[PDB]
Amino acid sequence: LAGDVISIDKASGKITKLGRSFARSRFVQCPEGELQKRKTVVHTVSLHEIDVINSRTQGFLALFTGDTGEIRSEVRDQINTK
Amino acid sequence: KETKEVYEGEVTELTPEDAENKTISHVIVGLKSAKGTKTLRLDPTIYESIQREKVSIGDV
Amino acid sequence: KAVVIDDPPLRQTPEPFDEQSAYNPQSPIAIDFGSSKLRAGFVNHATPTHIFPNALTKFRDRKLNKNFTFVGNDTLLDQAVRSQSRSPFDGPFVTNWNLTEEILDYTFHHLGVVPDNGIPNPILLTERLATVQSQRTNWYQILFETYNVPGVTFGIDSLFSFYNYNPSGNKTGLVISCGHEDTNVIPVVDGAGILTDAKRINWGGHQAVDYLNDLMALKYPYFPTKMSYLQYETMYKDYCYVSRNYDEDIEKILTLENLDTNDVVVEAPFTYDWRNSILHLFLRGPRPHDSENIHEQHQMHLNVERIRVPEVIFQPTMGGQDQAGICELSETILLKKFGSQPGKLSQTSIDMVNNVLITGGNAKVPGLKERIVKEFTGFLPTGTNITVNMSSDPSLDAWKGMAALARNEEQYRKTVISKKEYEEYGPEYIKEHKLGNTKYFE
Amino acid sequence: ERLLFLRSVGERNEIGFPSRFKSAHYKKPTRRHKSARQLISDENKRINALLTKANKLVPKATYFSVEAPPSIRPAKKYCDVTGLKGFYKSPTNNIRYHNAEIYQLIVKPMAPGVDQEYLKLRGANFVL
């Protein structure tokens, strides 16, 4: 609606509602200028997550449900070389 | 020992020729990069994979 | 790196006029009614004898009858008569015909031709593409019953340029002209300019200097002095070039390491960090602004966007004209016409690709050739050999087209119209020879 | 002394009212300056008249038919005051600007009647 503060990802087409702005009629202050800004996000991923991901029989849901089921050695050596 | 041959570039044209015998016989797809352009002749299965990826005109 | 100033002045010509009394009463006259430059000369000479800016002044002098110093570089002899000089040639075509008669009378004085009846020689005329019929009837009048010429033919000057660098007259090629006022692309098959297939762009070079004037006026609304339009052409001819690719350059064109070599500053005649501020870099370049200095108030910091004024030929949308650029015209001509399809070039299209000629007064800008060959190899299939040709003077080659058709006599008889055919058919008649205009209908 | 030089090149130049390079049976009929836009207008009227008396005959090559058509790919948007990539356009005066410094220093303090002057260069001087 009018008065919302949202974040638009252009590449993935993902919109996230940060919250309603300061209109009296959740409240978050209006963001600063210079839209289409460059943002750098540093990601730290453990090697176990890459081992579960690269094993095609295990999705990333095995990282949360905890059912990995004896990940084989060849996917691990592929990850180590990569 | 295997060879890897690949095609990169922009979809300028995508003309699926039906030639029924509801089923497309082949699709003629033209690709284009900075160094030039090249036209390809493709089977039904690559056409079904193209429709899987939602490829339109102008997609790399 | 110290700042250097650049002066914008053009001096005057102290020796405007010269002619020779001897002439040949059988040799025809080669003429080029150029918008930027009128070119004149004989047949036997390889280069045009007289080059003139196609402009006149009616200089008014008290006590001496107020009609003096009409046509030529004598207009460039004084700055005042240069400022009042009126080129009669309008957008399409000229407006003031007796003014043109003054130009033709002046050059007929300057070939030294002693008058025999009206004119004892054939006249070799240049003419813009797809001419309005009233314009050609006025041409027929001003030639035949005003000057009594035995024979006049007129055609597109770039087509004569195409013939000049391929004199067999049956080659297949593509010609792209960039003239003073309009620019156009003409496909040629078997030496015949197929004029149903050509396209014309309403930009030229006149509108390029107009665009440069408008951008330089809007960039500095509070400039103290006013800068002349001749100085605008001096600035355009001096500091302008075409990018290899416009799309990645403009992000880098205000980067700080670029402005050291990109930016050159012009001096007009007279008698909150800056690295963060992109307006400071746009307006005043890579040296800090001195707001007190009378040099800096008269300093013209251009070359921040020197690429933008030549680049509007390839994209007329920044010019306001809703016409596709030269690249799209080349796409349609070379991949959709003369039996060629995308992915399969016909043989005529491959021969047109093999011979590409560019010409005109607006081709003197550097960087056009590499941009043209890269844009051409962008869409052509791989292995298609592209050969593009440039002149030493792309503007002067239409006169050599005149000399080439004057040499080739068996082709010259086909183009030449006569007085008898003009009186028999009326002014609504044009010979459909291949190196010239065609009929409006089939 | 400078004026007498211009007169000197003048008497090197002049031709009298009966000109030597003349057909000897011509003079000047009525001649007025007719507008080039008016020339395009009545050329259009003449082809419209010829086509309307012809159909009741496609033109092979006219001034209108040799005019280039509009492009088929989308045109790239540029900043109206700086010439760079115009990511944003102002909703008030419809001026494409580059970034925040440009907007707050030029576009917001822009005087009325010059935004149409900026849009004239792009050929969208809507105001008529």
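Cβ: placed from backbone, ideal geometry, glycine included. Neighbour counts: every protein chain shown. Every read-out reported here was derived from the displayed coordinates using simple, explicitly stated rules and does not represent laboratory data.
Things worth noting here:
- Total charge dipole magnitude, chain C, about the Cα centre, Cβ charges on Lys, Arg, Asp, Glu only, Debye to nearest 20: 420 debye
- Vicinal HN-Hα couplings computed from phi for the range C:292-308 (Karplus, 6.51 cos²θ - 1.76 cosθ + 1.60; Hz; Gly/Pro x): 8, 6, 5, 5, 6, 5, 9, 7, 9, 7, 9, 6, 5, 9, 5, 6, 6
- Cut-off under 5 Å, modelled amide H: who pairs with D:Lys85 long-range: D:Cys79
- Residue (of C:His109, C:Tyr165, C:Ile253) at the positive-pole extreme of the protein assembly as shown, dipole from beta-carbon charges: C:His109
- Between the listed residues C:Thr183, C:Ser391, B:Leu40, the Cα displaced farthest toward the positive end of the dipole of the protein assembly as shown, a dipole computed from Cβ unit charges relative to the Cα centre, is found at C:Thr183.
- Net charge in the neighbourhood of C:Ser161 (other residues with Cβ under 14 Å of its Cβ; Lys, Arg +1, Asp, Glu -1) is -1.
- For the range A:49-82 and the range C:66-134, distance of Cα centres in Å: 86 Å
- Ordered by the number of other Cβ atoms lying within 10 Å of each residue's own Cβ, fewest first, C:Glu370, B:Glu2 fall into the sequence B:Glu2, C:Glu370.
- When both the range C:175-254 and the range B:8-60 are represented by their alpha-carbon centers, they are found 39 Å apart.
- Cα-centre dipole for the protein assembly as shown with unit charges at Cβ (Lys and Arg positive, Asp and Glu negative), debye to 20: 1480 debye
- Only helical runs count toward this figure. For chain B, summing -39,500 (n - 2.57) over DSSP H runs of n ≥ 4 and dividing by all residues gives -4000 deg cm²/dmol at 222 nm.
- Selection from C:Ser27, C:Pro269, C:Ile333 lying farthest towards where the dipole of chain C points positive, charges on Cβ: C:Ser27
- Calculated mean residue ellipticity, 222 nm, chain C: -9000 deg cm²/dmol, from DSSP H runs (n ≥ 4) at -39500 (n - 2.57) each, averaged per residue and rounded to 500.
- 3J(HN,Hα) along the range D:16-32: x, 5, x, 7, 5, 7, 9, 6, 6, 9, 10, 9, 9, x, 4, 8, 10 Hz, from the Karplus curve 6.51 cos²θ - 1.76 cosθ + 1.60 with θ = phi - 60°, whole Hz, x for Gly and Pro.
- With both labels modelled 7 Å from their Cα along Cα-to-Cβ, the C:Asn276 to C:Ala192 distance reads 6.9 nm.
- Residues D:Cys79, A:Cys30, ranked from the fewest to the most other C-beta atoms within 10 Å, line up as A:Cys30, D:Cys79.
- Charge context of A:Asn80, other residues only, Cβ under 14 angstrom, K/R +1, D/E -1: 0
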